[PDB]
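Build me a structure from this.
(6 chains, ligands or ions: 1)
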Amino acid sequence: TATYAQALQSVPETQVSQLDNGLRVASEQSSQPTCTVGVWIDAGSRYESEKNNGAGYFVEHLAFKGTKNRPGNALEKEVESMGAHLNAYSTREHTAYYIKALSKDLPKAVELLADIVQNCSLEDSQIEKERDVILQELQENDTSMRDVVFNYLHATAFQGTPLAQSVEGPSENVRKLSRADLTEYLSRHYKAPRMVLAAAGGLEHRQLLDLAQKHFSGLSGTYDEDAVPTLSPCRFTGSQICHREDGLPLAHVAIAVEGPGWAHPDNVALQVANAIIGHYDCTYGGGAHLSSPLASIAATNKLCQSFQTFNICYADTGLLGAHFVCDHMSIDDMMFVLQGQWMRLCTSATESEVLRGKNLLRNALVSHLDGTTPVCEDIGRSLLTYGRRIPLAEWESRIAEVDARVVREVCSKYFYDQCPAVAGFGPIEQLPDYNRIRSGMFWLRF
Amino acid sequence: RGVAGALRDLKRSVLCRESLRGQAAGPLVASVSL
Amino acid sequence: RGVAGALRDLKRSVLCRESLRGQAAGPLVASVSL
Amino acid sequence: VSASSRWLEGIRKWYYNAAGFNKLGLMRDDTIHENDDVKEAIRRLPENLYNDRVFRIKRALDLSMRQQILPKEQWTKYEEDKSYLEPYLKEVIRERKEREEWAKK
Amino acid sequence: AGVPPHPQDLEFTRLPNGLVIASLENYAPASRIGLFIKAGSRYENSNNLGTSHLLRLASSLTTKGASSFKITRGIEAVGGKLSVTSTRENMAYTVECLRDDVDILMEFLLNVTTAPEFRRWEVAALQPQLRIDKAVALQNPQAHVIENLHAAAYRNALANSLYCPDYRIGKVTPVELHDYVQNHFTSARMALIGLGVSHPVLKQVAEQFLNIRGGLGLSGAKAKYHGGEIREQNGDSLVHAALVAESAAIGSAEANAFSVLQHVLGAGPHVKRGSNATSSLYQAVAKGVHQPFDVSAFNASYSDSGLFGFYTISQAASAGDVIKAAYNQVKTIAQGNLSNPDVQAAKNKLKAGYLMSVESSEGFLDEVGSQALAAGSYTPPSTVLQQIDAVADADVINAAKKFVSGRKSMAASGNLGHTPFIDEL
Amino acid sequence: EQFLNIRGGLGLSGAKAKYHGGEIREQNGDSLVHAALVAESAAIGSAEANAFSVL
Ligand SMILES: CCCCCC(=O)OC[C@H](COP(=O)([O-])OCCN)OC(=O)CCCCC
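Residues are numbered from 1 along each chain as shown, chains lettered A, B, ... in the order given. Below, you will see the structure:
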């Protein structure tokens, strides 16, 4: 009986509080018996310099390996024994540590996150152990062409800036990174005004804020020293990187233009345009009858094994484009059909397909915020980027504002006659020359 | 997208002992979609 | 010509009981020549 | 049902025998012009009807070479002309009309 | 204040024809409807193997009420989703969309499940997708090992693979698809589950369209455990191996004992890049093996049988040392060496993992659908935790004893030069 | 004596065949079932081998 619009109002408001040391504490209560809690830190490779690049990824390997009060196995045995799950990740702008556990285990869970973020042991015997482990992971990542081609895209698109740096760091920095480099990274970036304690599930916001005062109070905050980090802008460069390797059976291509960044209202309309182009895989059932002309033609003529659009967001910048993988004789056809859809939407987008892109986005947004861990991530990441939780009803308002005119104007603002950043890897002899790619960013008929 | 679940293009390599944990099975499930 | 011995292009069909006798094996041998 | 509908059928049988493709052993659907809809319908025919269509066209092309025809006993009788392709072609057209109606929205 | 509403209860109804409707109104922006069917690969026989795979791939072919074009464009227009999930016992047609579009996707779901035409040319064009689907699946070495593990354990009906045998690709006929739907997609073999939907409309839909009278009754073709071993010498870098014995059918109290035994031994990690201290199988192998490896307890419970054991990944030369170390670790539990704190930590991992697996609508719908076919009822989570608490330490030990003394089934793939046979364990 | 005097790089191996038993089943689309049922009998040259040849 309840309508879709009415269901957006029923979602509980995300309660936000802030301690006296700058640590923000946010929660979304539900009736669940489980929950997710974690700390989102405004740190990443974009803050690291060339000498200490990969330091954050190194700390991730040491965060769960021992603390001053829980050395070695003690942390794992506590997490495992209560059936909880402990995880972490690191992007170029955000680092996160979160726990999944029962609701009754909320106080123990927060207590462990505090001991992890603040009292990391970093034993020299352990640092040498993780030195070889990260090096093996670097060899593993080399075999994932998708991870390679997207690192190349960042490397060439943001060349000369911190964003070109990968999260893992270069193999030479992992070998010469000392314990002092890591502690310097922690005291510099793991500061209370730059962290957000997020929770989601069955829990009242009071007990979270109490636990925040109980365990995170002992953390220097609101004035460290005259050592404040600040993210400068990062130059985007139209450029091309081509790793020719004819031993690999399929080529990987990633092409993109410069996006606006996290806070720009244009991201909503861009995601609608990307949803129209959508994504494809050889295991999809639709094939020729798919709505997306690129997916239909890619399946009918077998131009690729897969493609995906993306809108990667960073502070005041981003990578907007698509990535695909295909046989060595389909790289040209695939690039042609892809660019033709950017130009078609820049110039002659229609109302019905734009409604499909809005409906795909509404379904994507609600399907993603299903579970305590997705919502806990949305809380933590949003407070760092947006400084607030944007309610679902607001996203619906911005989506409903988009129409065909918005897509034509917004797509032309970022796509039409713009220099892309191209990254290629594999059998890419047939990858078009950059000038030919650059000419595909405008139409002579328009 | 097609999915194969068991834990309860050259893909990649898994060499170290840390990346191997979670690979051992724990009943297959085959999902297909549009 | 290559040979496979065991009895001690769509090839053909063997339907009746008279043509089946001798088909059952009786140790493989693989021969190759020019 | 009435004497007048037998006269419309009477001239249709006249035009049928005047069209003369029955003299070569062909059927009406053998003579249709192959557009994209017709090519798909032929593609969907079962094996037996496809092989029968192929031999009748082959036999008629052989006769057309010699400027000959079949004996009258072997001509295609108007009453026995099987519209083997029309149900397939009607469905191909119906699908295209649906694709063309979605393209308008 | 910021508190959520009062959560509704799940409505549940059995119709006299055997059909089961269960709905929950969670007031979410999205709706989710699943039709769960006892039509998994177990109901194939040696003449129509792979028919349920091709059926799983044919959800967007033409129906009597909607062409293939309309189903694809109609669902994508509202941003919806249509999925088909298969196990060895069930097929689950799931549909997702915003709650204002439930009616449209319901109509498609019923057409796909109750009025497929299986056109001769559409089916023929779909046959090569079996090769692509199977190839994508089988690049996980786990998939083929567990295919062979079931082929080795059972004489019938669970030896059947989830994926179509190669010799059958292109041979599955439209008649076999029609016969499969008429025989298995019937009222007494079905359950209509819904989220973000009212109970009356599902019950209304169930009575209007899902009243298909049984073409084949609830089959008594019981799975017959036999045991054996299948070994696949290949060029993989690591040896995958699973050693298993018949354990227990799902829903029985003995099944809960094996589930606790699974978490006493260890099944999947809890900490990113953790040493897995509380996993007795991992620590037992790490004693005598210092190379990279992985080990996990395997638990597969079905309607009329079950398979419990463990799964190993190791270097080719360490394959026997890893397997014997793991198997000996199960023996010490069967000899009685099992504390009470060890069992309680296992119950916490089990109870916690069950609750976590039903946080999402995707995991909740799958659980309710599986309970409806397996049990004909809905058991709430607090009752599930109650059943887990009722497992005694002796029940966990007797489950280990049943594994040690039971006729084994084994599947292995890799360079098997140092991988023991069953009789060598 | 001129050419075939190659001295042993590997001696006459004692890698004895170990009978174990079991079964391999191949579900395919052949028209007829082929099946062989067998047990360990005897090494060649022994008197027991001649008995199996008569059998
Ligand atoms: C009467 C006017 C005819 C105009 C045709 C035209 O200029 O051709 C296209 C190119 C430049 O466009 P592009 O190759 O970047 O393609 C853009 C794709 N979006 O121009 C040239 O360099 C080609 C040289 C022509 C010599 C006769």
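
Going by C-alpha atoms from here, please, whenever you check contacts or count neighbours.
Fine.

show me the contacts for the residue nearest to residue A:276 when sequence neighbours are not counted.
Distance criterion CA to CA, 6 or more residues apart in numbering or on different chains; nearest residue to residue A:276, sequence neighbours excluded, is residue A:357 at 5.0 Å. Residue A:357 makes contact with A:271, A:272, A:273, A:274, A:275, A:276, E:79, according to CA atoms under 8 Å, 6 or more residues apart in numbering or on different chains.

All the strands of chain B, residue numbers only.
B:3-5, B:29-32 (DSSP state E).

Restricting to C-alpha, output the last one in PDB.
Written as PDB, here are the backbone C-alpha positions of strand B:29-32 (Å, rounded to 0.1, in the frame of the first residue of the first chain):
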ATOM      1  CA  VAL B  29      25.000 -22.400  -6.400                       C
ATOM      2  CA  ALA B  30      24.600 -21.200 -10.000                       C
ATOM      3  CA  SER B  31      23.000 -17.800 -10.600                       C
ATOM      4  CA  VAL B  32      22.100 -16.300 -13.900                       C
END
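
Packing partners of it?
strand B:3-5, strand E:81-86 (3 or more CA pairs under 8 Å, 6 or more residues apart in numbering or on different chains; DSSP states H and E).

Three-state assignment for whatever residue of the stretch 101-250 of chain E ends up closest to chain A, please.
Of all residues in the stretch 101-250 of chain E, residue E:133 sits closest to chain A, with a separation of 6.2 Å (CA to the nearest CA). Look at residue E:133: counting by DSSP: H, G, I helix; E, B strand; the rest coil, its state is helix.

domain ranges for chain E?
E:3-213, E:225-425 (curated CATH domains).

and the nearest residue to residue E:266 once chain neighbours are set aside, what does it touch?
Nearest residue to residue E:266, sequence neighbours excluded (CA to CA, 6+ apart): residue E:279, at 4.4 Å. Listed by CA under 8 Å, 6+ apart, the contact set of residue E:279 reads E:263, E:264, E:265, E:266, E:267.

Return the distance of the residue nearest to residue A:74 when sequence neighbours are not counted relative to residue E:112.
Leaving aside its sequence neighbours, residue A:74 sits nearest to residue A:66 (CA to CA, 6+ apart; 7.3 Å). Counting by CA to CA, to the nearest Å, the separation of residue A:66 from residue E:112 is 54 Å.

try residue E:329
49 Å.

Which one's more surrounded, these two?
residue E:112 (24 against 19; other CA atoms under 10 Å in any protein chain shown).

near chain B, anything from the strand or helix carrying the more buried one?
Residue E:112 is part of helix E:102-114 when elements are defined by DSSP states H and E. No - using CA under 8 Å from any CA of the partner chain, helix E:102-114 stays clear of chain B, with a minimum separation of 12.9 Å.

what's the angle between that helix and strand E:81-86?
Here helix E:102-114 runs at an angle of 30 degrees relative to strand E:81-86 (axes from the mean of the first three to the mean of the last three CA atoms, to 10 degrees).

list the contacts for residue E:249?
E:255, E:301, E:302, E:303, E:304, E:305, E:306.

Correct me if wrong, but it is in a strand.
No - if the criterion is three-state DSSP, then residue E:249 is coil and not within a strand.

re earlier: shouldn't the residue nearest to residue A:276 be within a strand?
No - looking at residue A:357 with three-state DSSP, it is helix, so not inside a strand.

State the distance from residue E:398 to residue E:406.
Distance from residue E:398 to residue E:406, by CA to CA: 12 Å.

if you count what's nearby, which of the two comes out ahead?
Taking other CA under 10 Å, residue E:398 and residue E:406 do not tie; residue E:398 has more neighbours (20 against 14).

before we move on, the earlier item: tell me which of the helices and strands packed on strand B:29-32 approaches the ligand most closely.
Proximity to the ligand (CA to the nearest ligand atom) singles out strand E:81-86 among these, at 35.7 Å.

The closest one pairs with which strands?
The strands beside strand E:81-86 in its sheet (DSSP bridges) come out as strand B:29-32 (antiparallel), strand E:91-98 (antiparallel).

could you dump the last one to PDB, C-alpha only?
Taking C-alpha atoms only, strand E:91-98 is exported to PDB below (Å, rounded to 0.1, in the frame of the first residue of the first chain):
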ATOM      1  CA  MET E  91      15.500 -23.400  -8.900                       C
ATOM      2  CA  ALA E  92      14.700 -19.900  -7.700                       C
ATOM      3  CA  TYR E  93      13.300 -17.300 -10.100                       C
ATOM      4  CA  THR E  94      13.800 -13.900  -8.400                       C
ATOM      5  CA  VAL E  95      12.600 -10.500  -9.500                       C
ATOM      6  CA  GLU E  96      13.500  -7.100  -8.100                       C
ATOM      7  CA  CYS E  97      12.200  -3.600  -8.800                       C
ATOM      8  CA  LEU E  98      10.900  -0.500  -7.000                       C
END
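
how far does it sit from the chain's center?
17 Å (CA atoms, centre = their mean, to the nearest Å).

Give me the residues contacting it.
For strand E:91-98, contacts defined as CA under 8 Å, 6+ apart pick out A:4, A:362-363, E:29-40, E:56, E:78-86, E:105-106, E:109, E:113.

just the first one next, same as before
For strand B:29-32, contacts defined as CA under 8 Å, 6+ apart pick out A:283-285, B:1-6, E:56-57, E:83-87, E:162.

about what we covered before: ok, of the contacts of residue E:249, which come out buried?
E:255, E:301, E:302, E:303, E:305, E:306 (16 or more other CA atoms under 10 Å in any protein chain shown).

how close does the fifth one get to residue A:284?
What it means is residue E:305. Separation of residue E:305 from residue A:284 (CA to CA): 34 Å.

try the second one
As for residue E:301, its distance to residue A:284 is 30 Å (criterion: CA to CA).

Can you tell me which residues in the stretch 301-446 of chain A are near the ligand?
A:439, A:440, A:442, A:443, A:444 (CA under 6 Å from any ligand atom).

quick one: contacts for residue A:194?
Residues in contact with residue A:194 (CA under 8 Å, 6+ apart) are A:22, A:23, A:41, A:42, A:384.

now, which of these lie within strands?
Per DSSP E, the contacts of residue A:194 map to strands at residue A:41.

Contact partners for the residue nearest to the spatial centre of chain D?
Against the mean C-alpha coordinate of chain D, by CA atoms, centre = their mean, the closest residue is residue D:29 at 1.2 Å. Counting by CA under 8 Å, 6+ apart, residue D:29 touches D:83, D:84, D:85, D:86.

do stretch A:11-29 and chain E meet?
Yes - interface with chain E: stretch A:11-29 contributes A:11, A:12, A:13, A:14, A:15, A:29 (CA under 8 Å from any CA).

Grab the nearest non-local neighbour of residue 97.
Reading this off chain A. Nearest non-adjacent residue to residue A:97 (CA to CA, 6+ apart): residue A:88, at 4.3 Å.

that's the wrong chain, I meant chain E
Residue E:97 sits nearest to residue E:80 (CA to CA, 6+ apart), 4.4 Å away.

Show me which residues of chain D sit near chain E.
Applying CA under 8 Å from any CA, one finds that chain D approaches chain E through D:44, D:99.

got a list of contacts for the one helix or strand residue D:11 maps to?
Taking DSSP H and E as the criterion, residue D:11 maps to helix D:5-19. Residues outside helix D:5-19 that contact it (CA under 8 Å, 6+ apart): D:22, D:78.
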